[PDB]
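We name chains A, B, ... by the order of the sequence lines, and we start the count at 1 in each one.
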Amino acid sequence: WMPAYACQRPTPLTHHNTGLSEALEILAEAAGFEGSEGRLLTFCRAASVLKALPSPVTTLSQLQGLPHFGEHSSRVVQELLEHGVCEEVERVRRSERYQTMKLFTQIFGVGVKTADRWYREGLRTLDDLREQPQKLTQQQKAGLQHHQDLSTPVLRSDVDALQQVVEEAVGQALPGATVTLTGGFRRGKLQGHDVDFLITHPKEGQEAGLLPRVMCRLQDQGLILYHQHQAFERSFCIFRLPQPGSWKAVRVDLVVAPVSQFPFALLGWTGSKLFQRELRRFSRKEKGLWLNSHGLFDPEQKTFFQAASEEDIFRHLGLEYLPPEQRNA
DNA sequence: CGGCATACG
DNA sequence: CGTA
DNA sequence: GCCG
Ligand SMILES: [Cl-]
Ligand SMILES: [Mg+2]
Ligand SMILES: [Mg+2]
Ligand code: NA
């Protein structure tokens with residue numbers, strides 16, 4: 001009844017098992033902070049299975065036969081069903097290790113490895129990091145300075161005005177180039193912690209060299225609070241977004257792809273992260289084909305699949321098409 | 001047991 | 001290392 | 001942590 005890969009089933013943004021999935025995702029996140037990527041994946045997959053169910057889990061028996069539910073994930077659900085809390089989850093939540101790793105990894109420019117090193121050095125708060133600026137990269141300094149604004153969600157109502165500003169710079173950089181909203185907003189989210197855009201041009205090859213030209217124009221408009229080039233095809237920036245009487249910093253990702261690759265880039269950048277990992281795993285392990293954001297490779301024939309749409313890609317993988325709103329794994 | 005997505009800055 |  |  002429930003297939004094993006998240007790319008084989010629709011997963012809507014809102015669902016019927018929110019509390020159970022959130023608890024499993026705490027355990028997944030904590031596994032990542034300890035470097036246990038396998039455990040992270042299992043807990044994420046188990047949470048995602050619950051998101052895909054048609055109604056609430058009320059009884060432990062309803063987990064029998066569901067993929068990714070073994071002894072540990074079933075016990076978590078059992079405790080939530082019987083007591084409304086799971087002791088392991090609550091112990092993680094209150095733990096100094098979890099809280100500090102979460103806070104540090106939320107900083108733009110800081111990953112698990114850096115956060116863990118700082119934790120082992122005794123650092124615990126953002127002000128601890130600010131007092132030791134010699135140990136920070138320029139990217140991390142920007143992430144730290146902007147952390148408060150970047151912690152507040154972007155509204156879908158903000159995304160449209162931002163897209164128009166990006167489109168104006170893109171049109172001057174290369175007339176005819178287009179801007180497509182991707183990421184979580186394309187999956188239907190009403191908020192997010194950044195905004196993701198994919199840029200292309202209908203004439204193959206015209207997009208070469210485009211992103212530096214776009215970034216220079218946005219910087220000249222005064223809109224870029226931070227970017228790494230203040231040749232490339234992805235830029236992870238901090239943008240100035242207007243607010244009543246002021247403004248706030250927002251994370252924006254910009255990506256350029258040639259139109260031949262656009263369906264693959266659109267698929268990859270639309271997410272969710274788990275959906276794409278599961279889709280690439282399915283492609284390789286079940287179909288023998290290698291998938292990335294540039295193409296789909298048959299390693300036996302040594303050929304790439306041309307695709308003109310995301311629908312083409314799902315068909316070439318033998319999967320029923322899922323619209324972006326059903327990719328919220 | 002091996003495997004766990006696969007890129008670019 | 002960081003980012004997705 | 002779980003699948004195959
Ligand atoms: Cl692990
Ligand atoms: Mg996003
Ligand atoms: Mg993003
Ligand atoms: Na980070």
Side-chain angles (χ1 to χ4, degrees), chain A residues 2-8 24-25 27-28 30-32 34-49 63 65-70 72-77 88 104-118 136-137 139-144 150 182-184 192-198 211-212 215 226-227 229 231-238 251-257 261 264-287 289-297 317 329:
Chain A
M2 175 72 64
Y5 290 86
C7 58
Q8 293 176 295
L24 289 164
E25 287 177 344
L27 300 183
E34 305 311 302
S36 315
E37 194 72 7
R39 292 171 161 75
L40 174 150
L41 278 169
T42 281
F43 284 129
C44 283
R45 292 164 180 168
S48 191
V49 161
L63 300 180
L66 292 184
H68 312 290
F69 276 89
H72 197 149
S73 300
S74 306
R75 180 180 75 247
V76 171
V77 167
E88 182 186 8
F104 286 173
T105 59
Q106 283 174 170
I107 303 166
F108 179 65
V110 180
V112 168
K113 286 188 183 96
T114 298
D116 174 67
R117 179 164 57 72
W118 289 345
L136 308 175
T137 66
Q139 182 181 41
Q140 288 162 356
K141 289 176 182 180
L144 190 57
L150 296 184
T182 67
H193 282 283
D194 77 356
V195 191
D196 313 288
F197 294 114
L198 174 61
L211 197 53
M215 293 312 300
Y226 177 84
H227 74 112
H229 298 91
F232 57 101
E233 67 210 40
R234 305 174 178 187
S235 85
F236 311 112
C237 329
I238 304 176
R251 277 276 294 106
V252 180
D253 294 331
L254 304 182
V255 183
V256 170
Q261 298 179 8
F264 300 98
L266 180 63
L267 179 61
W269 286 89
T270 296
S272 71
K273 179 177 181 181
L274 180 63
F275 188 93
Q276 295 304 311
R277 292 173 77 156
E278 292 279 289
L279 184 67
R280 293 174 184 200
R281 189 170 68 99
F282 178 88
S283 180
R284 174 180 281 272
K285 302 301 182 181
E286 304 302 328
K287 302 304 182 170
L289 304 177
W290 302 347
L291 179 65
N292 67 19
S293 74
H294 312 317
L296 179 61
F297 186 69
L317 293 173

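The nearest whole Å value for the distance from the CZ atom in A:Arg281 to the P atom in D:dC3 is 11 Å. If you measure from atom NZ of A:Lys287 to atom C1' of B:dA5, you get 18 Å, rounded to the nearest angstrom. Atoms CZ (A:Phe104) and P (C:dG2) sit 14 Å apart, rounded to a whole Å. In this entry the distance linking OH of A:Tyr5 with P of B:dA5 reads 10 Å, nearest Å. The nearest whole Å value for the distance from the CG atom in A:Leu198 to the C1' atom in C:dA4 is 12 Å.
Among the nucleotides D:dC2, D:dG4, B:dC4, the one closest to any side-chain atom of A:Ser73 is D:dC2. Closest to the side chain of A:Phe236, from the set B:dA5, C:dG2, D:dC3, is C:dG2. Listed nucleotides B:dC4, B:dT6, D:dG4 differ in distance to A:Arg280; the shortest reach to its side chain belongs to B:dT6. Here the nucleotide nearest the side chain of A:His229, chosen from C:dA4, B:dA5, B:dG9, is B:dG9. Nearest to the side chain of A:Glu233, among D:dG1, C:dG2, B:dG9, sits B:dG9.
An OP1 or OP2 oxygen of B:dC4 is reached within less than 4.0 angstrom by no side-chain nitrogen or oxygen of A:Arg45. OP1 or OP2 of B:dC8 sits under 4.0 Å from a side-chain N or O of A:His294. At the phosphate of B:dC8, neither OP1 nor OP2 sits under 4.0 Å from any side-chain N or O atom of A:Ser293. Taking only side-chain nitrogens and oxygens, A:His72 comes nearer than 4.0 Å to OP1 or OP2 of D:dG1. When the side-chain nitrogen and oxygen atoms of A:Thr114 are compared with OP1 and OP2 of C:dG2, one or more of them lie within a distance under 4.0 Å. Close to B:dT6, at under 4.0 Å from its OP1 or OP2, lies no side-chain N or O of A:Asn292. Between A:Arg277 and B:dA5 there is a side-chain N or O to OP1 or OP2 distance below 4.0 Å.
Counting non-hydrogen atoms under 4.0 angstrom, A:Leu291 reaches the backbone sugars and phosphates but no base. Across all strands shown, A:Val110 has heavy atoms under 4.0 Å from sugar-phosphate atoms exclusively, and none from any base. Note on A:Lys273: a base of the nucleic acid sits closer than 4.0 angstrom, heavy atoms only. Using a 4.0 Å heavy-atom cutoff across all strands shown, A:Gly38 reaches at least one base atom of the nucleic acid. Residue contacts for A:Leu24: at a heavy-atom cut-off of 4.0 Å it reaches no nucleic acid atom on any strand shown.
A residue-by-residue look at A:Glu278 and A:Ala231 shows that A:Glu278 has its nearest nucleotide of DNA chain B further toward the 5' end. With the nearest nucleotide of DNA chain B identified for both A:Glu37 and A:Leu211, A:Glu37 has the one nearer the 5' end.
A perpendicular orientation is assigned to the rings of A:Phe104 and A:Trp118, their planes being inclined by more than 60° (bins at 30° and 60°). Between A:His227 and A:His229, the two ring planes are tilted [angle within 30° to 60°].
The same atom, P, is picked in B:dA5 and in D:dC3; the two are 16 Å apart, to the nearest Å.
Partners of A:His193 according to the side chain to side chain contact (heavy atoms under 4.5 Å, CB included) rule, which considers only residues two or more places apart in sequence or in another chain, are A:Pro153.
A donor-acceptor contact shorter than 3.5 Å links the side chain of A:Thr137 to the backbone of A:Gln140.
With hydrogens and angles left out, the side chain of A:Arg284 and the base of B:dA5 share no donor-acceptor pair within 3.5 Å. Between the side chain of A:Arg234 and the base of C:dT3, no donor-acceptor pair under 3.5 Å is found.
Tested against A:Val255, the residues A:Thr182, A:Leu198, A:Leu211, A:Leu266 include a single side-chain contact (heavy atoms from CB on, under 4.5 Å) partner, A:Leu198.
For A:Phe43 and A:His68, the distance between ring centers is not under 6.0 angstrom.
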(request) Using the side chain to side chain contact (heavy atoms under 4.5 Å, CB included) rule, take A:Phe264 and A:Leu291 through it: C-alpha gap first, then chi angles, then the decisive distance, then the call. (result) CA-CA 8 Å; A:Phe264 300 98; A:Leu291 179 65; 4.1 Å; yes
